[PDB]
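Novice: Dropping the structure in here first, questions after.
None of the figures in this text is laboratory data; all of them are computed from the coordinates on show. Here Cβ is always computed from backbone atoms with ideal geometry, including for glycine, and neighbour counts include all displayed protein chains.
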Amino acid sequence: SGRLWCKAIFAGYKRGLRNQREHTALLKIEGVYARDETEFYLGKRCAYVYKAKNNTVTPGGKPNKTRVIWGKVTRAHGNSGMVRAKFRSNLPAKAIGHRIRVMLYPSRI
Amino acid sequence: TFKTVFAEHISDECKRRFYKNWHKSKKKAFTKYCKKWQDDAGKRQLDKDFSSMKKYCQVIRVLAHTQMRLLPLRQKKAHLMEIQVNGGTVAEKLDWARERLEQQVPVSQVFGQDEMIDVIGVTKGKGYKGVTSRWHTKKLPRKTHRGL
Amino acid sequence: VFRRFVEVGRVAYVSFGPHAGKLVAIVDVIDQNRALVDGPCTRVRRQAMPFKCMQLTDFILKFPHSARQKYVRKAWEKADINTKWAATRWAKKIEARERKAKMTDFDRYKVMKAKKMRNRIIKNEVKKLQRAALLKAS
Amino acid sequence: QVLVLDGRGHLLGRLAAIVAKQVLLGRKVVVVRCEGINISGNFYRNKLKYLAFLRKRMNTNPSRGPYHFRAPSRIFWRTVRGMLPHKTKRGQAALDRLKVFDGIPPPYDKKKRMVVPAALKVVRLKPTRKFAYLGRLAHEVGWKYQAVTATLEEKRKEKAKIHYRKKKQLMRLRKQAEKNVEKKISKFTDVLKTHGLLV
Amino acid sequence: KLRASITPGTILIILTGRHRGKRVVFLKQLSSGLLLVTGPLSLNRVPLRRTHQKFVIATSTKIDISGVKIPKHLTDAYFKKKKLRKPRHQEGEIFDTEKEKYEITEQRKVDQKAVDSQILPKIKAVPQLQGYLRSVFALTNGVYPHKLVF
RNA sequence: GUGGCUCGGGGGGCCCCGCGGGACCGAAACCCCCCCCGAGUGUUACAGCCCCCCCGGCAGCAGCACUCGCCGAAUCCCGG
RNA sequence: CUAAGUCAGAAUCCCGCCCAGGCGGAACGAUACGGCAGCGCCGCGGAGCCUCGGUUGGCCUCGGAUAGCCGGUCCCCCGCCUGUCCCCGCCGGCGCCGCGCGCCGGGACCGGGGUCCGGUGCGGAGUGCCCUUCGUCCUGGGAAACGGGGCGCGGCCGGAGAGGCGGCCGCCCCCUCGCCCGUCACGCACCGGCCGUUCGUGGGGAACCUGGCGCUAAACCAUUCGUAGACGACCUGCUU
């Protein structure tokens, strides 16, 4: 099987121009390139997956190196199709261009 | 640089160049390279090198070193130099160098008489010099209470 | 060089706006950009709409200068634009993108197998056509 | 994957303003044939607007003066550096994703190359306004390889045509192969155009 | 509650279980608001199984159903991991390698076989269908879950 | 409609006999045809294009999923 | 003399010669027992730290926009390996060939520019795109039997712009299964409804362990010279 999660790209924080409000990210989902086609994605639990040095447990399996920071997608942004996301623990500002999975499974169909 | 081909016999004058101690070292240089011209298999590889240089290389130069067993210096270290070849099509330019390989080149074959030639070489050295001897700036008057 | 003109009686295709996907007939020209158009049988109203929104079509109706809808409908359906348009190679491209956008998931699976078998067939039958073409070159 | 932008017929600024966003978003963009990048305005005007940049150097120093990179690869890669931050550390870890070449090097030779219609000249310039090729502008102000690249391109354009001559000849076989085996792919090609393909 | 697009005998895509993306055949909703889900063993190796409303994508491909019999028994502490987890006797001596066991049933076995008896002939009615259930759902380049309709 | 003109298009001399008693059963034009067809001029000007205006007199679908241009909610609520 | 297009034009401006050679690449030479070894190339294990991204691929015409594309062409000349293959041509073993040639030339050429028409063109020979399909097992149909596989062998290429490899072929062994439809059977595939690498991974770096092919030094210091020099640096000499 292939990926069951849509791709997305972390692209920064919600920022005025200098007061960078560091608790509401700005995703750019790959494919959605205009608002009003972004009403499908909003509300679906997203995740930021990265590795590390020390091992951590894995629900369902044996410990490995992977760690994830869960989240959610709140509401639409702009007109090009970006979406704000409220992460359970603000993202570490290291991943400003790296992958952020948008799972499908909180569903509305 | 595209490819390089070295002659089978290298004068032991030239081998001096690639080293820093002729008293210390075992002088094993280009020894494993003298073989490709000795067995047949290398020749099949080597002639391919020249053929490739015909098709691709635009400008060809030749590595010519000087004699030293004739000059009355203290030196026994030949000077290697690239010399360009200017002439007809590349193939005949290369067939010229593969012919001249390993041979002597007199001055007459290069130059003429009453030609204009250009002399390039590192100037003499006078060492760390002040500004009056360097740039020929004016000397101040004699009465200056510091360097004049 | 130009081979499709805008004149009184043309039939334009609307691409941008609320009326996209419907043919419309040009009645009269008001300026560079807007054109007073109408579609009697394409369920469209008599209203100006900009020249940016229309893709021209080869067909021509017959109008005097400007008329009611009673006489646009007659010359429209005496030439059968509603059927002549559906017989063009153009329309079949629009309905192709309008079926591909309707593909239900199990349907898409049918194509995955179908396009899978149909491509092995060509792959072999090209090789048999590949051998002969080289063979006859010699 | 990896974009390979073809820079023939594009405008300088409008193409850079698009690559600058992509690079900051993390995608590895590589541009080819910058020496065909057009620019708005005259030619005599823009040569003045580059000979007005060669002057802006506190001359006998490179410290107290800027760097006047001349090769069209560097001219475009410089006018992107303006549009990114580069004093940060995401500024310099982004800029080194963009890779800019003159002509087309062999690694990107056999790669489909994507235009960017938002910046294309035939779209963003009126039919009568004038324009300035980056090649002639750069070769005038001291580029030393207007000829060396030009001969190599002649070598490639012919070597591409040989491939395309091959590519065209194939598709005829596949086009003809359908007519040979149409008798026994009947029930497949039916279901492909029910679903909207092949019409 | 149920969404407006889920009816008995519809095909789903399951999104968060052990098997993340099989197709299945939904039967009915239990008293506890979780979908009864079975992609019959002989097509997916998925038994009678509960699944949540929210974790399941509904697809526009249904089969008529009349095998809705056999009321529920499902629970846990029935297949729960009783080799590693707390419940083996609700006791706290050394475990997790001492006794390895997962409870396995016989009534579920006949129950599963007596359900797809009514179902499997209805599945075979549409051609190529059992192929569709065997394969697994997975996104691919050019698949945009906002632009494709199920 | 007619009117003088300019531009292109259909072609237009002919059979028959198993190379022969003579010509590609072929259009061939240096060019010719119309009461032939498709367009630009100015013309008076019909109702076999219309448009507007004036007498008298038809249910037509309502601020419209024919998405031409308003303001609103004791004339206002339902579902997510 | 300008609006489109075009010409002549200078101590200016830009480059060349001339001076330095970038946390810039090159090509080539050599690579440490006279050892109890250190090692480089091909074969294949088992652990022990780490650095991070990713989660089918797309192997390519040129080029215009007041136009382009695809085809078949009897028609036409040619950029073609002196424009290639047969051959009249002098002579020998002149119906045949070249132990020598020149293709004057008829004729054969996969191509491409040209001709002509025939198709599409809000481009289906479509990046609104194309290709690959990621649950295991009987037999019984369909394309298939010029099919597949084995870091296979031997040659050809083809590539230099940062080929750093890809492709084509001749031969070797066995299979007739691998794709699309069917029937039948499956380890209830463990989570009982529920989270994190599903993959490009044989990813990169480094330290310790398995064979064969094979390798045997250079730099610096001390010394010397003065073609160099404030000390460094530099140019040089030292068992035939």
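Novice: Using the beta-carbon distance between residue D:60 and residue B:122 and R0 = 25 Å, what value does 1/(1 + (r/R0)^6) give for FRET efficiency, to the nearest 0.05?
Specialist: It comes to 0.55.
Novice: Among the complete DSSP H segments of chain D, which ones combine at least 15 Å of alpha-carbon extent along their axis with a mean Kyte-Doolittle hydropathy of 0.5 or more?
Specialist: D:12-25
Novice: Now, a different point. In degrees from 0 to 90, rounded to the nearest 10, what is the angle of the helix B:40-56 Cα long axis to the longest principal axis of chain B?
Specialist: Compared with the principal axis, the helix lies near 60 degrees.
Novice: Hey, in the GNM for chain B with a 10 angstrom Cα cutoff, which one of B:129, B:48, B:93 fluctuates hardest?
Specialist: Highest fluctuation among the options: B:129.
Novice: Which of the helices in chain C, when you take each full DSSP H run, stretch at least 30 Å along the axis at their Cα atoms and have an average Kyte-Doolittle score of -1.0 or higher?
Specialist: Those that pass (Cα extent of 30 Å or more, hydropathy at least -1.0) are C:105-136.
Novice: What FRET efficiency comes out for the pair residue E:53/residue D:125, r = Cβ-Cβ distance, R0 = 35 Å, nearest 0.05?
Specialist: Approximately 0.05, to the nearest 0.05.
Novice: While we're on this one: Going by how many other Cβ atoms sit within 10 Å of their own, how do D:197, D:98 line up, fewest first?
Specialist: The fewest-first ordering by Cβ neighbours comes to D:197, D:98.
Novice: 7 Å from Cα along Cα→Cβ at both residue E:60 and residue C:67: what's the point-to-point distance in nm?
Specialist: Each label point lies 7 Å from its Cα, and together they span 4.1 nm.
Novice: Further, regarding this structure: I want to verify the translational diffusion coefficient of region E:16-84 in µm²/s; compute it with Stokes-Einstein, Rh as the Kirkwood radius over Cα pairs, at 37 °C and 0.692 mPa s.
Specialist: So the translational diffusion coefficient is about 244 µm²/s.
Novice: Comparing B:59, B:119, B:85, which has the greatest mean-square fluctuation in the GNM of chain B with Cα pairs linked when under 10 Å apart?
Specialist: B:119
Novice: Now a separate question. What value in Å³ per residue do you get for the convex hull of the alpha-carbon atoms in chain C?
Specialist: Roughly 184 Å³ of hull volume per residue.
Novice: Using +1 at the Cβ of each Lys and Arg and -1 at the Cβ of each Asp and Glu in the protein assembly as shown, identify which of B:25, E:63, D:146 lies farthest towards the dipole's positive end.
Specialist: Among B:25, E:63, D:146, the one farthest towards the positive end of the dipole of the protein assembly as shown is B:25.
Novice: Near residue A:51, within a Cβ-to-Cβ distance under 11 Å, what is the net charge of the other residues, with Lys and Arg +1 and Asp and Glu -1?
Specialist: +3
Novice: OK, next. Under 5 Å between amide H atoms, partner at least 5 residues away or on a different chain: which partners does residue D:197 have, H built in plane at 1.01 Å?
Specialist: Result for residue D:197 returns nothing.
Novice: With springs only between Cα atoms under 10 Å, which of D:71, D:177, D:20 fluctuates most in a Gaussian network model of chain D?
Specialist: D:177
Novice: Percent of Cα-Cα pairs more than 23 Å apart in region D:1-112, please.
Specialist: Value for region D:1-112 (Cα pairs over 23 Å): 34 percent.
Novice: Under 4 °C and 1.567 mPa s, how fast does chain B diffuse according to Stokes-Einstein, given a Kirkwood radius computed over C-alpha pairs? Answer in µm²/s, whole number.
Specialist: 64 µm²/s
Novice: If you take every residue apart from residue E:136 with its C-beta less than 11 Å away from the C-beta of residue E:136, what net charge results, scoring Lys and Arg +1 and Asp and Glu -1?
Specialist: +4
Novice: I'd like the FRET efficiency for residue B:38 and residue B:84, computed as 1/(1 + (r/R0)^6) with the beta carbon distance as r and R0 of 30 Å, rounded to 0.05.
Specialist: Given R0 = 30 Å and the Cβ-Cβ separation, E is 0.50.
Novice: Also: Regarding the protein assembly as shown, what's the average projected area of the Cα-atom convex hull, expressed in nm²?
Specialist: Averaging across all directions leaves 65.6 nm² for the Cα convex hull.
Novice: Find the all-direction average of the projected area of the Cα convex hull for region D:149-199, expressing the result in square nanometres with one decimal place.
Specialist: Averaged projected area of region D:149-199's Cα convex hull equals 5.2 nm².
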